[PDB]
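Below is one structure; the comments refer to it alone.
Values reported hereafter were calculated over all heavy atoms of this structure, with side chains retained and with hydrogens, waters and symmetry mates removed. Note that the numbering runs from 1 along the sequence shown for the chain. Whatever order the structure lists them in is the order used to number ligands and atoms, beginning at 1.
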Amino acid sequence: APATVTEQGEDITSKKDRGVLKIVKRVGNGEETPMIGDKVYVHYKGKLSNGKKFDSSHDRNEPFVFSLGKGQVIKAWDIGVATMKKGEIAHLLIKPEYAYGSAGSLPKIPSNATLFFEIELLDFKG
Ligand SMILES: COc1ccc(CC[C@H]2OC(=O)[C@@H]3CCCCN3C(=O)[C@@H](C3CCCCC3)c3cc(OC)c(c(OC)c3)OCCOc3cccc2c3)cc1OC
């Protein structure tokens, strides 16, 4: 799955340095995508592509909530979720420069960590 994005994934970085690659796995409704400051509701699965940690919001039987484009998540999420429609599910492969960089985030993330996410956008509100 990490390797499929590497092949077919769209580069959605401004720089166009392939730091955030994205495939749509399920198409959402309408055309509308969230705006900066929108409250965003998602389920996700994430892992360290070359690593031994796996996290899912489904574990905690409730959606992950955050405010879009306000630094509250890694760069990739602010860039990635911004491009998603209500009910869309997308896959993201993310180089470390758009995640936790060379520092990582001991304990859960190491240095130079490449991240993969499956994200489902449930809802967003202004
Ligand atoms: C510039 O450096 C940073 C940029 C952003 C952040 C905020 C971390 C943020 O988490 C995330 O952005 C992403 C996507 C949003 C949900 C969870 N996230 C994760 O990366 C997970 C990882 C993803 C798979 C590997 C192991 C768990 C992930 C899950 C985690 O457990 C729920 C987790 C975590 O902490 C680093 C990452 O630790 C608990 C914190 O939960 C939150 C809550 C709000 C936002 C996030 C996590 C910290 C930074 O430095 C440390």
- Message: Show me which atoms of ligand 1 lie under 4.0 Å from any heavy atom of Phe64.
- Response: 15 (C), 16 (C)

- Task: Could you tell me if any non-hydrogen atom of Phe117 lies under 4.0 Å from any atom of ligand 1?
- Result: yes

- Message: Within ligand 1, which atoms have a heavy atom of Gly46 less than 4.0 Å away?
- Response: 24 (C)

- With respect to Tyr100, which candidate in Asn112, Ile94, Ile74 satisfies the side-chain contact (heavy atoms from CB on, under 4.5 Å) definition? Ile74

- Note on the structure: Within the 4.0 Å heavy-atom cut-off, what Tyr100 brings close to ligand 1 is side chain

- Nearest-0.5 Å distance that lies between atom CD in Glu118 and atom CG in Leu92: 10.5 Å

- Task: Taking the six-membered ring for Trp and the single ring otherwise, decide whether the centroids of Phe64 and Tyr44 are under 6.0 Å apart.
- Result: yes

- Note on the structure: Logged contact type for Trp77 with ligand 1, heavy-atom cut-off 4.0 Å, is side chain

- For residues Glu10 and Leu21, determine if any side-chain heavy atom of one lies less than 4.5 Å from a side-chain heavy atom of the other. no

- Would you say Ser67 and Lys39 make side-chain contact, with heavy atoms under 4.5 Å? yes

- For ligand 1, indicate whether the residue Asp55 contacts it via side chain, backbone, both or neither (heavy-atom separation under 4.0 Å). side chain

- Query: Which of the atoms of ligand 1 are close to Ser105, meaning less than 4.0 Å from one of its heavy atoms?
  - Reply: 36 (C), 51 (C)

- Query: Under 6.0 Å between ring centres, would you say that holds for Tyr98 and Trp77?
  - Reply: no

- Against heavy atoms of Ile74, which atoms of ligand 1 measure under 4.0 Å? 4 (C), 5 (C), 12 (O)

- Which ligand 1 atoms, with their elements, are less than 4.0 angstrom from a heavy-atom of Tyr44? 16 (C), 17 (C)

- Do we see a donor-acceptor contact under 3.5 Å between the side chains of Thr83 and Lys22? yes

